[PDB]
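Only one structure is covered here, and it is reproduced in the block below.
Ideal geometry is used to build each Cβ from the backbone, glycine not excepted, and the neighbour counts take in all protein chains shown. What follows draws every value from the coordinates through simple rules; no lab data is involved.
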Protein chains: 4
Amino acid sequence: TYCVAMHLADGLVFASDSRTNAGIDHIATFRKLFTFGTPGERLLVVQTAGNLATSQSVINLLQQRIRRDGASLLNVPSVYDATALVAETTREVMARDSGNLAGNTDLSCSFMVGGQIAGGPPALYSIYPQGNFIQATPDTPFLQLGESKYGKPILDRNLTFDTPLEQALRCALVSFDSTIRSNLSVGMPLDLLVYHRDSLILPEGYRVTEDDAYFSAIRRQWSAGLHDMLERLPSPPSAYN
Amino acid sequence: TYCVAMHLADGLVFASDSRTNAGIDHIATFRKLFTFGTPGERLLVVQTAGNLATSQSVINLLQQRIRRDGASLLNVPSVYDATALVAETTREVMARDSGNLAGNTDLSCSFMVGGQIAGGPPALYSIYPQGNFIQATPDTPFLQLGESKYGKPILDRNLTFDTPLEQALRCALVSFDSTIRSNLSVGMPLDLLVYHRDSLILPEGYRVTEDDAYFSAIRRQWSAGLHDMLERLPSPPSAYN
Amino acid sequence: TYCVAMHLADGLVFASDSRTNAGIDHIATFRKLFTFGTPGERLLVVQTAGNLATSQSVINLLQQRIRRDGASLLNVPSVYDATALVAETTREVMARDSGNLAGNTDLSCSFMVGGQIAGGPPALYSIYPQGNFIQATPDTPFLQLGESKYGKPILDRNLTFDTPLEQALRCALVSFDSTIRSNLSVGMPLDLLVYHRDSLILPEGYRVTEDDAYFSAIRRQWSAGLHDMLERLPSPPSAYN
Amino acid sequence: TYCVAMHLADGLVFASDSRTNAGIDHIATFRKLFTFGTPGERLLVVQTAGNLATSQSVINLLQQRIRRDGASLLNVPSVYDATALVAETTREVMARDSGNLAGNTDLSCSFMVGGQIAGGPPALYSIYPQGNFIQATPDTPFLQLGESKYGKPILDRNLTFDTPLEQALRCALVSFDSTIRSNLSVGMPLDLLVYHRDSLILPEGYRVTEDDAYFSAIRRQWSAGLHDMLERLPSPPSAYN
């Protein structure tokens, strides 16, 4: 479980893995990036991390309620209020499943909610286990969920509010490369989605499998590059021994 | 997180850092100085300190509500009432996020609200974690938020109601210099804003980065100065050993 | 005294004369169209007809109270509530000036209140002498105050919800043309204001004087037109004598 | 925080310190003596003690309302009614700030209100935390707020209704001397005001700083005096051991 989302000058970029702890000795693939919207009016993306049961219930309820007269991700007036609604829904799910039977088992999960609603700029939020959330800004334009320390440095080094989408995406992919190599809880397939500021369309998004020609290639290149750079760095002086 | 605001004879000066505790192992840059107003009618500045999620929500709601028929920072009749509105909004945010899920986590934050509305003098208030507030006066013309003990002495020593703006700003910068050296929770970039009494314009404000020529220079000078004065102070008499 | 307001698909159009009965042998010019608002958040227009003293007092109190912590035209959450507030204020003024000293003199006046507040469509109301009101709709998209029968037919004939603003304004002007010719209590200068749906700006509005090139011209063309049509109408048959 | 006020045959004398508890680790200077009036018609003085936020709000509202059609310190018909108005205002402030958010924090404060309105004698009242008040009389011609036990004896010993103003003031200063030495919560600068019975002018008042020549001198003299008297008092008889 590792998710990243970026809010940049030109729009939004989302990327999630799929490897999921579904119980003991049951590791499995589950999508962690979901889209919602009406074309020409709004796009919203929700990413998930943490307890599967909880996050599934949350997503499921959001879907059921879309087709119902009352508060829903399709009528909510701002990306803020969408984020709040997700949080609200999370609280509701935690209330029900909590009891003596759950015991000390940890039901918490976290989300990212981003997108654009007609008539206001695109936005991106991250909801914490405890249900309070923060918004990405130009000074802090990307947010992560899950197992994210491994792939943070490359984003810290290169990403800024002005990074174009194609390059941000690329950057995200390298982030996943390092993460996958160094932590087995993270794993392919990946799910990506790129959204263009003010387009107000629902992009289809894309799934990166094991076999993906492009992702295989940039991994091979990135390795060769790192290995090169390392050999062509100077040796430590006398002093260092 | 360290913010300072001054209300002086000639106007207002505001300065904030940007380093922000956004969770465990996630320290990040977030603007802590926000401006609002209509040119020729009003300027209001809000500074933030404390819990990111809470303060962000508060600022976000104040922005959404500006573009809405009802109480807002643009229609409020006095700087006092602006301060009250911020506080009012804070209460509202605390009410919603509070629950079993937050648990013992500390959601409190503090604010400064200052500026000028057409037809009355400029004013500056500070709102405490508990939602009650105080007003800066000629006898107590500056107020601080956050991690402020480190840089308080220089202000206590030099600042008064009659200090001109350029000098007050300079003074503030030295305050930040000492603070940054002695406490890692405070950090650049800094955000400044100077407002001239009765101008009723929205100044663009200015951001001080790591690279800033002027700020680098006065830090280097101030160090040299202190080091000099210290060596040229006399030795303690016989008595002291 | 003659005022017209229209609520159309593309926005609002307001127009008022200025000739005012201010006592015996004291006929005078007074503005009867007043604007209020905060740019990017709301526009409200109030038009007046009836007793000068009363309407002036009403408008004056609304202005004073704008700059005061409490109910005011700037904080009121809807155009409806604005209208209600105006009415509320009117009642308050009538209560105070009523007494034995006024005697049988007629202190009543009427108002139109229209505009747009952020987050809801534009609206237009008319308040009657007795303080109860009605709202213009697509089927009845214009409302009049004062001496309005003279210029009603041209509006009834041509104006509809879908009439564009430039044409509605033109239509209003022809309404004033006929009125001014046929009733001395109505008189120039006129005051106009056009507001574009969802613009949320405060238009400067425009004053039509005696000298106005455009208004002089359309009056001259309209006359010539009417005179033509009249001569080219057929004669009544034998039967009619 | 220590304030004294005296109502004497020749007029009124007011004196306040300025040291103020404004939060934890934030002790600061705030004026605690405020004047109001119209020359040739009235003088009113308000002194404050207790919670800063509360008292500031009270004073602030009294100022705002002076410039507004309704009950205010400038139109109120007697010093009594002025006192009542201050109390009334205090209640209003306590009502608003009270809630769950304040919690158990202590928002109370106390005031003195004294002065003279044309056509009646000067008067002096003290308002208690609970909003009920008492009036100084010839038999009890001074009243204190704040930390007042330290400097009470010198007033009890020497002050009476017939004490002239210059001597009463002097007496007050000695009161502050002892208080300042024995309690750190009280501190300079001090603010004084002397008002002459029937003068109906607004005296400018005077601020006593750390550096004040006269106050430094009488402190030095008073010390020397006390030390002298003490050494020249007789020894206790045999009996006492």
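Below are the figures for this structure:
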read-out: Condition broken by B:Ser16, with the remaining ones in (1) hydroxyl-bearing (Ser, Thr, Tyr); (2) within 14 Å of chain A (Cβ to nearest Cβ); (3) more than 9 Å from the chain's Cα centre (by Cα) satisfied; value: (3)
read-out: Any chance B:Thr83 is within 14 Å of chain C (Cβ to nearest Cβ) and not in a loop (DSSP other than H, G, I, E, B); value: yes
read-out: Check on B:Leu165, among the hydrophobic types (A, V, I, L, M, F, W, C) and closer than 26 Å to A:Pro138 by Cα; value: no
read-out: Residue that is farthest from the chain's Cα centre (by Cα) [pool: residues in the range B:47-64 that are more than 11 Å from chain A (Cβ to nearest Cβ) and farther than 20 Å from C:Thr38 by Cα]; value: B:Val58
read-out: C:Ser148 vs. criteria over 19 Å from C:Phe34 (Cβ atoms), part of a loop (DSSP other than H, G, I, E, B) and of a type in the set (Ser, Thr, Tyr); value: yes
read-out: Pairs with Cβ under 9 Å, 6+ apart, first in the range C:151-173 and closer than 15 Å to C:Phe14 by Cα and free of Cβ contacts under 8 Å to residues at least 40 places away in the same chain, second part of a loop (DSSP other than H, G, I, E, B) and among the hydroxyl-bearing types (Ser, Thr, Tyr); value: C:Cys171/C:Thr163
read-out: Qualifying residue in the range A:2-15 (condition: in contact with a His (Cβ under 7 Å, 6 or more places away or on another chain), within 20 Å of A:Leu143 (Cβ to Cβ) and of a type outside the set (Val, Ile, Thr)); value: yes
read-out: Among residues of the range A:116-126, those that are in a strand (DSSP E or B) and small (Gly, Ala, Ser), counted; value: 2
read-out: Failed item, numbered, when B:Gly11 is tested on (1) touching a strand residue (DSSP E or B) at 6+ places or on another chain (Cβ under 8 Å); (2) within 14 Å of chain A (Cβ to nearest Cβ); (3) at positive phi; value: (2)
read-out: Filter result for B:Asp177 (among the acidic types (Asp, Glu) and touching a strand residue (DSSP E or B) at 6+ places or on another chain (Cβ under 9 Å)); value: no
read-out: Set B:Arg96, B:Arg31, B:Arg91: member being out of contact with any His (no Cβ under 7 Å at 6 or more places or on another chain), among the basic types (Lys, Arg) and assigned to a loop (DSSP other than H, G, I, E, B); value: B:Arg31
read-out: Residues of the range C:168-201 classified as more than 17 Å from the chain's Cα centre (by Cα) and of a type in the set (A, V, I, L, M), total; value: 3
read-out: Top-ranked residue in the range D:155-167 [being crowded, with 18+ Cβ neighbours inside 10 Å and more than 15 Å from D:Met112 (Cβ to Cβ); ranked as farthest from the chain's Cα centre (by Cα)]; value: D:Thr163
read-out: Filtered residue count, the range A:143-166, keeping only those that are hydroxyl-bearing (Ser, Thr, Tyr) and within 12 Å of another protein chain (Cβ to nearest Cβ); value: 2
read-out: Counted residues, the range D:184-241 - those being surrounded by fewer than 10 Cβ atoms within 10 Å (Cβ to Cβ), small (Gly, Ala, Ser) and part of a helix (DSSP H, G or I); value: 3
read-out: Unmet requirement for C:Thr105, which otherwise passes all of (1) touching a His at 6+ places or on another chain (Cβ under 7 Å); (2) part of a loop (DSSP other than H, G, I, E, B); value: (1)
read-out: Enumeration of residues in the range A:127-142 that are at the interface with another protein chain (Cβ under 9 Å from one of its Cβ atoms), closer than 14 Å to B:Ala28 by Cα and either of a type in the set (S, T, N, Q) or not in a loop (DSSP other than H, G, I, E, B) (or both); value: A:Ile134, A:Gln135, A:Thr137, A:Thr140
read-out: Candidate set from the range B:86-106 (those that are among the β-branched types (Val, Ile, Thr) and at the interface with chain A (Cβ under 10 Å from one of its Cβ atoms)); member that is surrounded by the most Cβ atoms within 10 Å (Cβ to Cβ); value: B:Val93
read-out: Of the criteria (1) away from chain B (no Cβ under 14 Å); (2) in contact (Cβ under 8 Å) with a residue 12 or more places away in the chain; (3) farther than 25 Å from A:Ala9 by Cα, which one A:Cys109 fails; value: (1)
read-out: Selected residue (criterion: farthest from the chain's Cα centre (by Cα)) from residues of the range B:65-75 that are part of a loop (DSSP other than H, G, I, E, B) and facing chain C (nearest Cβ under 8 Å); value: B:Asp69
read-out: Qualifying residue in the range D:65-72 (condition: touching a strand residue (DSSP E or B) at 6+ places or on another chain (Cβ under 7 Å) and either on the phi > 0 side of the Ramachandran plot or crowded, with 18+ Cβ neighbours inside 10 Å (or both)); value: no
read-out: Residue check for C:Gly119: without any contact (Cβ under 8 Å) to a residue 12 or more places away in the chain and either farther than 24 Å from C:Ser57 by Cα or crowded, with 22+ Cβ neighbours inside 10 Å (or both); value: yes
read-out: In the range D:20-44, residue surrounded by the fewest Cβ atoms within 10 Å (Cβ to Cβ) [restricted to those that are facing chain B (nearest Cβ under 10 Å) and in contact with a helix residue (DSSP H, G or I) (Cβ under 7 Å, 6 or more places away or on another chain)]; value: D:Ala22
read-out: A:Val113 crowded, with 18+ Cβ neighbours inside 10 Å, part of a loop (DSSP other than H, G, I, E, B) and touching a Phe, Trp or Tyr at 6+ places or on another chain (Cβ under 8 Å); value: no
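Residue by residue, here is whether (1) over 18 Å from A:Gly114 (Cα atoms); (2) buried (at least 18 other Cβ atoms within 10 Å of the Cβ) holds:
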position: A:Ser148; (1), (2): yes, yes
position: A:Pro153; (1), (2): yes, no
position: A:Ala172; (1), (2): no, yes
position: A:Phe176; (1), (2): yes, yes
